[PDB]
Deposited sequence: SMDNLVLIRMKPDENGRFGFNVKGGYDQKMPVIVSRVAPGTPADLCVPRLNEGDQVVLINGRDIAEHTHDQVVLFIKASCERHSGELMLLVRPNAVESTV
């Protein structure tokens, strides 16, 4: 789509501080389900927000990758995520 947002993020343990649900095997988009306070995903600009939909992981189109394959791409990471922002909460 248009108005995608590029989020950049450095790990803490190798951790970013966010949860994801979804994936091709779940027939659901990959959605950020929790961003924990004080973590890289919480403190980065632009912020990673819950309800944001992950579109690219380090340039890779993940639309047809499974939940567990998505998780492995993230941990195999800066982390570059291209997200479709949730409609309810916006960063400025």
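Asks: Unmodelled stretches of the deposited sequence, numbered from 1?
Replies: Absent from the structure are positions 1, 14, 80-85.
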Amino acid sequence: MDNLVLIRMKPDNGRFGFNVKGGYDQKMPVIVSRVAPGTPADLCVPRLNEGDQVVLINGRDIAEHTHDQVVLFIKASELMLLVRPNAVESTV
From here on, numbers count along this sequence of modelled residues.
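Asks: With respect to the recorded C-alpha B factors, which stretch has the higher mean value, 1-9 or 83-91?
Replies: It is 1-9 that shows the higher mean C-alpha B-factor.
Asks: Hey, what third does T66 fall into on Cα B-factor, ranked over its chain?
Replies: Tercile = lowest for this residue's CA B-factor.
Asks: Among all modelled residues of this chain, ranked by Cα B factor, put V20 in the bottom, middle or top third, i.e. lowest, middle or highest.
Replies: As the PDB entry reports it, the C-alpha B-factor of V20 lands in the lowest third of its chain.
Asks: Relative to the other modelled residues in the chain, which third contains the C-alpha temperature factor of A36: lowest, middle or highest?
Replies: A36: CA B-factor falls in the highest third of its chain.
Asks: Which third, lowest, middle or highest, does the C-alpha temperature factor of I57 belong to within its own chain?
Replies: Bottom third by C-alpha B-factor.
Asks: What third of the chain, by the recorded C-alpha B-factor, contains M28?
Replies: Its C-alpha B-factor belongs to the highest third of this chain's values.
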